[PDB]
Amino acid sequence: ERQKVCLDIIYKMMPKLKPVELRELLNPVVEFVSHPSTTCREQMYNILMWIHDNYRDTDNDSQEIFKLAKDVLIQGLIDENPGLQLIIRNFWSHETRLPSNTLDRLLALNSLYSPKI
Amino acid sequence: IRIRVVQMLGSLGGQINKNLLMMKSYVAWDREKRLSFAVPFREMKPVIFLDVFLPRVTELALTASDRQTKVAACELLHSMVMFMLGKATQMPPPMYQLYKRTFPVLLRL
Amino acid sequence: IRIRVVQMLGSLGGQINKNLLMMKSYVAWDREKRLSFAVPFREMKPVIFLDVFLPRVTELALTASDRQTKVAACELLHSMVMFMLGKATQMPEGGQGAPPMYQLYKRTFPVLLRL
């Protein structure tokens, strides 16, 4: 319950937040990965999708934030929940994050990688 | 099951276990990659010779744990043989060696 | 030339001119519809029955002024007969000697020889 309410607070407040504060805000957020609650991880991924869209465009704190968000997204790209896996795939497979051109799609997805996935 | 199986295997001693594995029996069954297939897209149609999957896709479809895996493999095998026998309509020994390879597998399955 | 032709036609009078024209001009060559072709697009593949153009194009290809027009017609007919001949293969043909195209042979072949 506290997890969910905290994450909802975060999701509501992020648009006003400055990137510099957002950095050390997210640093203790990232641990809800592997947490055994689909609600927690899904709110996580909502936050991360927002960050990715709002930071794929500077501020080195923001740059590292974006890198970390993409990394944890890749982390999520393996789940115990097939539904989470599907929805995050749809997010990633979407054109803005996977170029419509198959050549460009492949070229972009080449970057997306972790030595854990 | 698999844990006990590997346990038994090591229990035997490798001098028996190496019997798990001459002409070496891999010659790239058909000299020609006669399984051409251009995958659909919106910009291009890269061609795939599904030949390479043949042995693999058979053996997994022949024997495998994880009933899900085996069912998926054999369904895809059904689809691919369906296609190739559709592809038999072609220029006039088309998949003669391929038939030799596949028919015993098909009948056992 | 055309001017003098129509001049002649009017000179001859109607009682003569009507000799220009019972099988009654058509039989709708194939009892079926075939010779299909799906035109390619990035979104859809509309299918087109090429056969419908055969009676017209042949008359154009066999008979035409405008060397440019006639050449275009004959080249296009060559392409279509090539395509149809290729389509002859890969056909289930257990009802006739050439079910998917038998009458088209009858129509084309004299025209092919004339051309």
# chains A, B, ... in the order shown; residues from 1 in each chain; ligands from 1
call {"tool": "select_by_dssp", "arguments": {"residues": "chain A", "states": "alpha helix (DSSP H)", "output": "ChimeraX atom specification"}}
result
/A:2-13,19-26,38-55,60-76,82-93,102-111
call {"tool": "interface_residues", "arguments": {"of": "chain C", "to": "chain B", "cutoff": "8 Å", "atoms": "only C-alpha atoms", "output": "ChimeraX atom specification"}}
result
/C:42,89-90
call {"tool": "write_last_selection", "arguments": {"atoms": "N, CA, C and O atoms", "output": "PDB file, in the first residue's frame"}}
result
ATOM      1  N   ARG C  42       1.791  -0.736 -50.441  1.00  0.00           N
ATOM      2  CA  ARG C  42       2.316  -0.798 -49.086  1.00  0.00           C
ATOM      3  C   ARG C  42       1.242  -1.111 -48.060  1.00  0.00           C
ATOM      4  O   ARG C  42       1.576  -1.384 -46.902  1.00  0.00           O
ATOM      5  N   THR C  89       1.422 -22.875 -64.910  1.00  0.00           N
ATOM      6  CA  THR C  89       1.932 -23.762 -63.886  1.00  0.00           C
ATOM      7  C   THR C  89       1.310 -23.412 -62.540  1.00  0.00           C
ATOM      8  O   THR C  89       0.592 -22.419 -62.390  1.00  0.00           O
ATOM      9  N   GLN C  90       1.589 -24.256 -61.551  1.00  0.00           N
ATOM     10  CA  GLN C  90       1.114 -24.072 -60.185  1.00  0.00           C
ATOM     11  C   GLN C  90      -0.407 -24.049 -60.106  1.00  0.00           C
ATOM     12  O   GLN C  90      -0.974 -23.523 -59.144  1.00  0.00           O
TER      13      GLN C  90
END
call {"tool": "residues_around", "arguments": {"residues": "segment 50-53 of chain B", "least_positions_apart": "4", "cutoff": "12 Å", "atoms": "only C-alpha atoms", "output": "PyMOL selection string"}}
result
chain B and resi 26-39+57-61+73+76-77+79-81+83-84+95+97-98+101-102
call {"tool": "write_last_selection", "arguments": {"atoms": "N, CA and C atoms", "output": "compact mmCIF listing (two decimals), in the first residue's frame"}}
result
# COMPACT_ATOMS: atom_id res chain seq x y z
N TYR B 26 26.86 -34.86 -41.03
CA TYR B 26 26.36 -33.54 -41.37
C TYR B 26 27.02 -33.09 -42.66
N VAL B 27 26.22 -32.93 -43.70
CA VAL B 27 26.75 -32.59 -45.01
C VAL B 27 25.92 -31.48 -45.65
N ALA B 28 25.12 -30.77 -44.85
CA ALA B 28 24.25 -29.71 -45.37
C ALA B 28 23.27 -30.28 -46.40
N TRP B 29 22.29 -31.01 -45.86
CA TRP B 29 21.52 -32.05 -46.56
C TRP B 29 21.35 -31.80 -48.05
N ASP B 30 20.92 -30.61 -48.43
CA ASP B 30 20.75 -30.26 -49.83
C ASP B 30 21.82 -29.25 -50.21
N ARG B 31 22.51 -29.51 -51.33
CA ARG B 31 23.55 -28.60 -51.78
C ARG B 31 22.99 -27.22 -52.07
N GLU B 32 21.71 -27.13 -52.42
CA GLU B 32 21.07 -25.88 -52.76
C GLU B 32 20.13 -25.46 -51.64
N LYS B 33 20.21 -24.19 -51.26
CA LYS B 33 19.28 -23.65 -50.27
C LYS B 33 17.93 -23.45 -50.92
N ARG B 34 17.26 -24.55 -51.25
CA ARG B 34 16.03 -24.56 -52.02
C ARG B 34 14.80 -24.29 -51.16
N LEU B 35 14.97 -23.62 -50.03
CA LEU B 35 13.87 -23.23 -49.16
C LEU B 35 13.73 -21.72 -49.11
N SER B 36 13.88 -21.08 -50.27
CA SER B 36 13.80 -19.63 -50.35
C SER B 36 12.46 -19.14 -49.83
N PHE B 37 12.51 -18.09 -49.01
CA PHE B 37 11.29 -17.46 -48.53
C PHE B 37 11.59 -16.01 -48.19
N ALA B 38 10.95 -15.09 -48.89
CA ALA B 38 11.10 -13.67 -48.62
C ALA B 38 10.11 -13.26 -47.54
N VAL B 39 10.62 -12.82 -46.41
CA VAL B 39 9.74 -12.43 -45.30
C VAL B 39 9.04 -11.12 -45.65
N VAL B 57 14.92 -28.26 -35.98
CA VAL B 57 13.48 -28.23 -35.78
C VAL B 57 12.92 -29.64 -35.73
N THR B 58 13.54 -30.58 -36.43
CA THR B 58 13.08 -31.96 -36.32
C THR B 58 13.36 -32.53 -34.95
N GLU B 59 14.63 -32.47 -34.52
CA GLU B 59 15.02 -33.19 -33.32
C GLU B 59 14.24 -32.70 -32.11
N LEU B 60 14.12 -31.38 -31.98
CA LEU B 60 13.31 -30.83 -30.90
C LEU B 60 11.86 -31.27 -31.04
N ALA B 61 11.32 -31.20 -32.26
CA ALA B 61 9.98 -31.72 -32.48
C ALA B 61 9.95 -33.23 -32.35
N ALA B 73 7.22 -26.48 -31.57
CA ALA B 73 8.16 -26.92 -32.60
C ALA B 73 7.47 -27.77 -33.65
N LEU B 76 5.19 -25.68 -35.88
CA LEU B 76 5.95 -24.93 -36.87
C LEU B 76 6.50 -25.86 -37.94
N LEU B 77 6.88 -27.08 -37.55
CA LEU B 77 7.34 -28.05 -38.53
C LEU B 77 6.23 -28.41 -39.50
N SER B 79 3.81 -26.46 -40.33
CA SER B 79 3.65 -25.31 -41.21
C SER B 79 4.71 -25.29 -42.29
N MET B 80 5.97 -25.56 -41.93
CA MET B 80 7.04 -25.42 -42.90
C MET B 80 6.98 -26.52 -43.95
N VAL B 81 6.67 -27.75 -43.54
CA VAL B 81 6.54 -28.80 -44.54
C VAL B 81 5.35 -28.52 -45.43
N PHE B 83 4.33 -25.60 -46.31
CA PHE B 83 4.79 -24.60 -47.26
C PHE B 83 5.65 -25.23 -48.35
N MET B 84 6.65 -26.01 -47.97
CA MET B 84 7.58 -26.52 -48.97
C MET B 84 6.86 -27.42 -49.96
N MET B 95 13.27 -31.74 -53.88
CA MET B 95 13.64 -31.91 -52.48
C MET B 95 13.82 -33.39 -52.19
N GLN B 97 16.50 -35.31 -51.64
CA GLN B 97 17.25 -35.54 -50.41
C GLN B 97 16.49 -35.03 -49.21
N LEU B 98 15.80 -33.91 -49.36
CA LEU B 98 15.01 -33.39 -48.26
C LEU B 98 13.92 -34.37 -47.89
N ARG B 101 15.37 -37.14 -45.93
CA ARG B 101 15.58 -36.73 -44.55
C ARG B 101 14.28 -36.74 -43.77
N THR B 102 13.22 -36.19 -44.35
CA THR B 102 12.08 -35.82 -43.53
C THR B 102 11.09 -36.96 -43.34
call {"tool": "atom_distance", "arguments": {"atom1": "atom CA of residue 44 of chain B", "atom2": "atom CA of residue 49 of chain C"}}
result
25.8 Å
call {"tool": "interface_residues", "arguments": {"of": "chain A", "to": "chain B", "cutoff": "10 Å", "atoms": "only C-alpha atoms", "output": "PyMOL selection string"}}
result
chain A and resi 100-103
